[PDB]
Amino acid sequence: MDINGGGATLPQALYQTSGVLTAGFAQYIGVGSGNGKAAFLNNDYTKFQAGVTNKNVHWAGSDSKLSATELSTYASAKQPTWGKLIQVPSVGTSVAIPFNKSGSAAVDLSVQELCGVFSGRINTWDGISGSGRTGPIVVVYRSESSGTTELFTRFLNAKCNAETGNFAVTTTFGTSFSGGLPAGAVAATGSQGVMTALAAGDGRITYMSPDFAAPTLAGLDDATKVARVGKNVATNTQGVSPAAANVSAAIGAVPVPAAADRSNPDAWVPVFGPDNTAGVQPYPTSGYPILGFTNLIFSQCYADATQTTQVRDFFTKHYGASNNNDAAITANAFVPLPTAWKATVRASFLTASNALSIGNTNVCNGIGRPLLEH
């Protein structure tokens, strides 16, 4: 049986790029981070393929961090027989703001305008300064539990201090703003579903994986289709595009988890958030401001030896110093992890002697996620 993964749609085109997943891996199934987490945590393949129960779930992609409850429940229910779960960043990513409203003038949002658009305070194109555009704004958002929503609401939570209400960090955008959704907002499902909805009506705007926000990488720099963010009219400062190069420095500056915390899966996923707050990376002052990580969730242990080897071989490639996935990562509008980050991941999850290593012959002795489904 193949190793089965799925979840987050933000990186789905990356994981579906030929050669990114290695031998034994089934093609990645994009269903959203909420579904990905549920699939892994409950070993429930129906969260990947509705109506299909005959297979196990081996890993998930998620841009939503595992919650305290998700972690504690897995540790009590599954860890004794399946081993520790592993949660690790896969790549860095911007969050793009694509929109459907024609005009040669560049759409460049100040952070406060972004806040106003997504709170409903600014609901006309005239209300974005220098937009060259008029008429209603319709916000498109993710209907389901979405890691893109989590990455985006982390930014709104950190920055939107001047609304009639505030944004909570959440995976369901419909519940983020305490003052509710903007009138006329449209829900859609998946990264691609949202982009389809974006095109289905004039004047629509959304938040989006940079790999889906434009059909080509250069399209991310087209401010007639993908908004610049970071405008400051008073200081005559232009916003910038969500191209990977505009978040690469900020991603590169994120510290590896503290050694003493590495047995805690929560410690492995850096999150951005408010300024001057320990445990949280501040949003960058230069380049493009909206960014975060998308992550992998695996088991340390698989009952089956072949599955264990195949998982290790994937980690060897994805976190390899050489012969890795970095070119594909860049091609998909994402930021490769720094060399030192890759080394830290390998040291814990690959290097045999480490207590956290996949297939550790002592720690995983007689334990692991099951071969057969039942």
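A residue's number is simply how far along the shown sequence it sits, counting from 1.
- Comparing 351 to 359 with 6 to 14, the stretch with the higher mean C-alpha B-factor in the PDB entry is 351 to 359.
- Of the two segments examined, 289 to 297 and 226 to 234, it is 226 to 234 that shows the higher average Cα temperature factor in the deposited entry.
- Residue-level inspection of the entry shows that, of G135, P89, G190, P98, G135 has the top Cα B-factor.
- Comparing the listed residues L151, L71, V140, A183, the entry records the largest Cα B-factor for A183.
- Among the modelled residues of its chain, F212 has a C-alpha B-factor that falls in the lowest third, as given in the PDB entry.
- When the CA B factors of the chain's modelled residues are split into thirds, the value for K342 lands in the middle one.
- Among the modelled residues of the chain, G120 sits in the highest third by CA temperature factor in this PDB entry.
- In the PDB entry, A259 places in the highest third of its chain by CA B-factor.
- Sorting the modelled residues of the chain by their CA temperature factor places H58 in the lowest third.
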